[PDB]
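Reading through the structure tokens given below for one structure.
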Amino acid sequence: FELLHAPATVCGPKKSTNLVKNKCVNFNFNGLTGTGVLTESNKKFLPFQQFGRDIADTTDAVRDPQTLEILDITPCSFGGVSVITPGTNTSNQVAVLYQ
Amino acid sequence: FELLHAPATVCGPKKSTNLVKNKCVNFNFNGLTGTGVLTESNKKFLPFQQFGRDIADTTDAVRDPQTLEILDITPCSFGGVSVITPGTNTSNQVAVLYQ
Amino acid sequence: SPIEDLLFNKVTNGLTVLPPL
Amino acid sequence: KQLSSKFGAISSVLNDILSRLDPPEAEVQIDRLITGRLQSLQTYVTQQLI
Amino acid sequence: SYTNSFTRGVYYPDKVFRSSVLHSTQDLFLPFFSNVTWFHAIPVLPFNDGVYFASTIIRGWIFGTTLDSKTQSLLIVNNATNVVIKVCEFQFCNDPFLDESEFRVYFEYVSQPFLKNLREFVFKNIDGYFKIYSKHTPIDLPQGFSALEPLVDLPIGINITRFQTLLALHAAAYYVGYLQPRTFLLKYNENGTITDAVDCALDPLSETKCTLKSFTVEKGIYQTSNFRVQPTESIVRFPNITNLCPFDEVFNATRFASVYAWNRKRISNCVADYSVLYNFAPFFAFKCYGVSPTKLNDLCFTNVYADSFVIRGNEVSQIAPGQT
Ligand SMILES: *[C@@H]1O[C@H](CO)[C@@H](O[C@@H]2O[C@H](CO)[C@@H](O)[C@H](O)[C@H]2NC(C)=O)[C@H](O)[C@H]1NC(C)=O
Ligand SMILES: *[C@@H]1O[C@H](CO)[C@@H](O)[C@H](O)[C@H]1NC(C)=O
Ligand SMILES: *[C@@H]1O[C@H](CO)[C@@H](O)[C@H](O)[C@H]1NC(C)=O
Ligand SMILES: *[C@@H]1O[C@H](CO)[C@@H](O)[C@H](O)[C@H]1NC(C)=O
Ligand SMILES: *[C@@H]1O[C@H](CO)[C@@H](O)[C@H](O)[C@H]1NC(C)=O
Ligand SMILES: *[C@@H]1O[C@H](CO)[C@@H](O)[C@H](O)[C@H]1NC(C)=O
Numbered sequence: 007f008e009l010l011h012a013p014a015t016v017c018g019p020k021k022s023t024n025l026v027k028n029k030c031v032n033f034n035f036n037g038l039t040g041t042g043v044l045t046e047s048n049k050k051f052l053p054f055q056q057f058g059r060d061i062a063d064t065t066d067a068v069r070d071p072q073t074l075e076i077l078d079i080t081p082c083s084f085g086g087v088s089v090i091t092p093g094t095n096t097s098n099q100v101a102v103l104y105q
Numbered sequence: 007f008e009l010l011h012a013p014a015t016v017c018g019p020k021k022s023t024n025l026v027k028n029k030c031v032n033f034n035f036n037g038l039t040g041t042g043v044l045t046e047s048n049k050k051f052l053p054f055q056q057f058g059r060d061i062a063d064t065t066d067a068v069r070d071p072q073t074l075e076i077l078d079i080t081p082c083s084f085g086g087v088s089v090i091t092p093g094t095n096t097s098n099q100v101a102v103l104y105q
Numbered sequence: 039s040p041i042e043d044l045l046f047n048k049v050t051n052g053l054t055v056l057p058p059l
Numbered sequence: 010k011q012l013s014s015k016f017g018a019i020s021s022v023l024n025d026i027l028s029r030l031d032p033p034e035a036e037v038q039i040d041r042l043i044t045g046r047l048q049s050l051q052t053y054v055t056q057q058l059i
Numbered sequence: 026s027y028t029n030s031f032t033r034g035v036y037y038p039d040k041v042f043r044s045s046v047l048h049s050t051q052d053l054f055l056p057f058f059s060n061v062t063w064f065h066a067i068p069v070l071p072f073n074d075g076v077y078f079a080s081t082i083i084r085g086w087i088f089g090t091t092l093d094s095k096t097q098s099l100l101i102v103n104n105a106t107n108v109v110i111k112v113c114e115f116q117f118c119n120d121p122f123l124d125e126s127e128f129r130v131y132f133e134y135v136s137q138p139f140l141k142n143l144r145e146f147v148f149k150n151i152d153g154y155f156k157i158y159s160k161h162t163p164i165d166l167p168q169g170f171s172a173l174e175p176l177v178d179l180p181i182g183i184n185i186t187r188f189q190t191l192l193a194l195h196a197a198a199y200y201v202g203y204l205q206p207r208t209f210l211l212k213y214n215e216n217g218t219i220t221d222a223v224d225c226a227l228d229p230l231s232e233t234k235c236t237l238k239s240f241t242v243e244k245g246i247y248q249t250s251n252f253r254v255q256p257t258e259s260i261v262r263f264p265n266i267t268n269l270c271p272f273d274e275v276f277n278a279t280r281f282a283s284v285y286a287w288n289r290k291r292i293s294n295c296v297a298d299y300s301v302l303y304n305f306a307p308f309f310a311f312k313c314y315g316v317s318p319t320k321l322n323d324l325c326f327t328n329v330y331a332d333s334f335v336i337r338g339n340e341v342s343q344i345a346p347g348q349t
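Those sequence lines, one after another, are chains A, B, C, D and E.
Its first residue numbered 7, the first sequence is counted upward by one per residue in the numbering used here.
Its first residue numbered 7, the second sequence is counted upward by one per residue in the numbering used here.
Its first residue numbered 39, the third sequence is counted upward by one per residue in the numbering used here.
Its first residue numbered 10, the fourth sequence is counted upward by one per residue in the numbering used here.
Its first residue numbered 26, the fifth sequence is counted upward by one per residue in the numbering used here.
Right under this line is the structure:
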């Protein structure tokens, strides 16, 4: 084994797995990591990109390394929870709200 | 190495160059690196010091030991640049303004 | 009115945008 | 008057540390200096805005 | 001959997609309205950071540093059926060309070949990678905007100093450009293709369009940058003293005192020549904190004190600030 002479040329295996859809999970798309729902998109890519971006410079679309189908990345449902109460001096029933 | 406020005495044997005036250049006076245009100093003081400060705590005086002459350090040309332009849908001629 | 219609047509992660009340 | 302070760095003059310190080793002192100067400029901007 | 380049020198920075959003990238790009050489003499061509190539039959490229067997080099040949990329060292002719029965050009990678349409090539070599950009546009440099496409990349990890071309036979005309780093704004389409680019290093209006992320501007004053004069020359004045500071006395002394009885010597009012240091064997030292050991001649100071002692050897690094 000889190092400190050239960049990376030969590496080892990667142990790829299957694909899931319609769920927000963490992914490793050739170095890109993030959480988002894997959904089929409508746009078309030229045959030399790997992933796309937006005005926020974040991950919104990616090309799978196994096939030629374009994917879309969107985060799932999240937000700050809100509460509605009449006060402890009047009643005890509460109405929880998702914003 | 001590960086006490004193004229420099010991450093390299590199030769010195001829004096230049009225040009914004970079000067090295006994280890004091600075940039600006060199002008004759109208200011004067008691002949027992080396160099002084100002309100901005910058370099405003020098007394090189080869020739006992007071020189003044002032900044050269500086400032922003602005453009006067009409609508680009009608014309492309612009103007250059210095502030 | 057509005035507000014309006015509406004239004018145009981890972040949440609260809708107006 | 606040610009010309050392801010805990090795040198106060901008071009003195550019020739006295190693250029690979000059990625900390001037970084802290410009961070503090950005803080001072930010609080000056807020005061001017108010 | 001198030929002005109008629009050429535009390529994709990364393999990314943007939905018609302006983006600023600071990489190696060929500037607008820059003249390039029109070669017609049957030589040596200098190479710099980023080169633009163009031709109107003629194929082959020569790469290397000194064109000999003492350094690495690159060679690419794509005649009619396949392309080969050879990275090795070999004897290279002074005026190499091709004959199609004989070949007198004096690992391996094979890919698809690269075959009115004009041959446009941009060669870039940074960070030990060789990126190839090619495009053919059907229509003397062509008029109209065109965007190139990237090709495969091979991590050669070598250095390139000069480059040459090859003449294929079944002089000629070929264009050689030079690139310098600057900023550019690239506007994409909804298909994902670049359709409009502008430079911002030739006119103040271009700089105004550069900092607003749009090709359309309104009437008004837009502050973009500053105006400042550059220093044409430099001046240095050192103190007039020639006494040749006796550093050899404090260094090459016949005997030393103890560690707890160290002596102190003051050196001043002389000239310090920092060239006798290297005549004292290879060192386990010369790393310095708070001062640059490489830049030991430009700075001038005073109050020099030197002390001498001895160390066991297993605690050489113990003479350091912070280690107690
Ligand atoms: C990677 O391997 C997969 C194995 O499934 C390839 O997918 C098949 O490719 C063949 C060849 O075109 C098709 O006939 C099959 O229909 C594909 N199967 C599926 C489930 O998609 C895939 O093409 C390979 N990718 C590359 C780049 O070689
Ligand atoms: C160095 O030369 C200058 C040139 O005139 C002279 O004024 C000065 O006295 C000299 N230095 C010494 C120490 O004599
Ligand atoms: C150019 O744009 C300005 C700004 O909207 C507009 O006022 C002007 O009428 C336009 N000129 C033409 C010829 O359309
Ligand atoms: C452009 O022309 C000038 C004027 O002769 C020349 O100095 C310069 O080298 C030319 N640029 C090239 C050949 O890239
Ligand atoms: C050879 O390549 C190395 C990159 O590791 C570079 O540092 C060196 O300067 C190159 N040689 C020449 C003569 O340019
Ligand atoms: C871009 O996409 C549109 C569909 O919205 C299509 O009509 C058009 O032909 C495409 N253009 C190119 C150059 O692919």
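From the three backbone atoms N, C-alpha and C, an ideal C-beta is built for every residue, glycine too.
heavy atom of ligand 4 below 7 Å from residue i C-beta
i: residue 203 of chain E; result: yes
Neighbouring residues, chain D, relative to residue i (Cβ below 7 Å)
i: residue 317 of chain E; result: 29, 30 and 31
i: residue 39 of chain B; result: 24, 25 and 28
Contact test: residue i Cβ vs ligand 6 heavy atom, cutoff 7 Å
i: residue 162 of chain E; result: no
i: residue 73 of chain E; result: no
Near ligand 3: residue i beta-carbon under 7 Å from a heavy atom
i: residue 245 of chain E; result: no
i: residue 50 of chain C; result: no
Residues that DSSP places opposite residue i in a beta bridge
i: residue 48 of chain E; result: E/211
i: residue 87 of chain B; result: B/104 and E/250
i: residue 13 of chain D; result: Partner(s): none; residue 13 of chain D has no beta bridge.
i: residue 40 of chain B; result: B/33
i: residue 145 of chain E; result: E/79 and E/160
i: residue 222 of chain E; result: E/211
i: residue 125 of chain E; result: Its beta-bridge partners do not exist; DSSP assigns none.
i: residue 69 of chain E; result: Paired residues: none, contrary to the question.
i: residue 67 of chain A; result: A/58 and A/78
Residues near residue i in its chain [Cβ-Cβ closer than 7 Å; skip 5 each side]
i: residue 103 of chain E; result: 84, 138 and 139
i: residue 163 of chain E; result: 141 and 142
Proximal residues of chain A, C-beta to C-beta of residue i below 8 Å
i: residue 56 of chain C; result: 105
i: residue 26 of chain C; result: One cannot answer for residue 26 of chain C here, as it falls past the ends of chain C, which runs 39 to 59.
Cα-Cα separation between residue i and residue j, rounded to whole angstroms
i: residue 167 of chain E; j: residue 97 of chain B; result: 26 Å
i: residue 47 of chain E; j: residue 67 of chain A; result: 18 Å
i: residue 45 of chain D; j: residue 38 of chain B; result: 24 Å
i: residue 58 of chain C; j: residue 51 of chain C; result: 21 Å
i: residue 101 of chain E; j: residue 129 of chain E; result: 14 Å
i: residue 119 of chain E; j: residue 191 of chain E; result: 11 Å
i: residue 75 of chain B; j: residue 65 of chain B; result: 16 Å
i: residue 40 of chain B; j: residue 48 of chain B; result: 20 Å
i: residue 46 of chain A; j: residue 78 of chain A; result: 6 Å
i: residue 178 of chain E; j: residue 110 of chain E; result: 11 Å
i: residue 184 of chain E; j: residue 96 of chain E; result: 9 Å
i: residue 15 of chain A; j: residue 342 of chain E; result: 38 Å
Own chain partners of residue i with C-beta closer than 8 Å, once the 5 adjacent residues on each side are dropped
i: residue 103 of chain B; result: 87, 88, 89 and 90
i: residue 335 of chain E; result: 281 and 284
i: residue 218 of chain E; result: 172
i: residue 10 of chain A; result: none
i: residue 28 of chain B; result: 43, 44 and 45
Own chain, CB closer than 6 Å to residue i, minus 5 neighbours either side, in chain order
i: residue 144 of chain E; result: 80
i: residue 200 of chain E; result: 61 and 79
i: residue 127 of chain E; result: none
i: residue 29 of chain E; result: 60
Interface partners of residue i on chain E, CB under 8 Å
i: residue 19 of chain D; result: 315
i: residue 78 of chain B; result: Residues of chain E passing the Cβ test: none, with the nearest at roughly 15 Å.
i: residue 72 of chain B; result: 262, 264 and 265
Proximal chain D residues relative to residue i, where beta-carbon distance stays under 9 Å
i: residue 324 of chain E; result: 25, 28 and 29
Within chain D, the residues that residue i reaches when beta carbons sit closer than 8 Å
i: residue 141 of chain E; result: Ordered by position in chain D, no residue passes the 8 Å Cβ test against residue 141 of chain E, which lies about 51 Å from the chain.
i: residue 234 of chain E; result: The premise fails here: residue 234 of chain E is roughly 27 Å from chain D at the closest Cβ pair, so nothing lies under 8 Å.
Proximity test, residue i beta-carbon vs ligand 8 heavy atom, cut-off 7 Å
i: residue 119 of chain E; result: Among the ligands modelled here, namely ligand 1, ligand 2, ligand 3, ligand 4, ligand 5 and ligand 6, ligand 8 does not occur.
Listed by chain order, chain B residues near residue i by CB distance under 9 Å
i: residue 257 of chain E; result: 29, 30 and 31
Any non-hydrogen atom of ligand 1 closer than 7 Å to residue i Cβ
i: residue 72 of chain A; result: yes
Distance cut-off 7 Å: residue i Cβ against heavy atoms of ligand 5
i: residue 150 of chain E; result: no
Interface residues of chain A facing residue i [CB-CB closer than 9 Å]
i: residue 40 of chain E; result: 54, 55, 56 and 57
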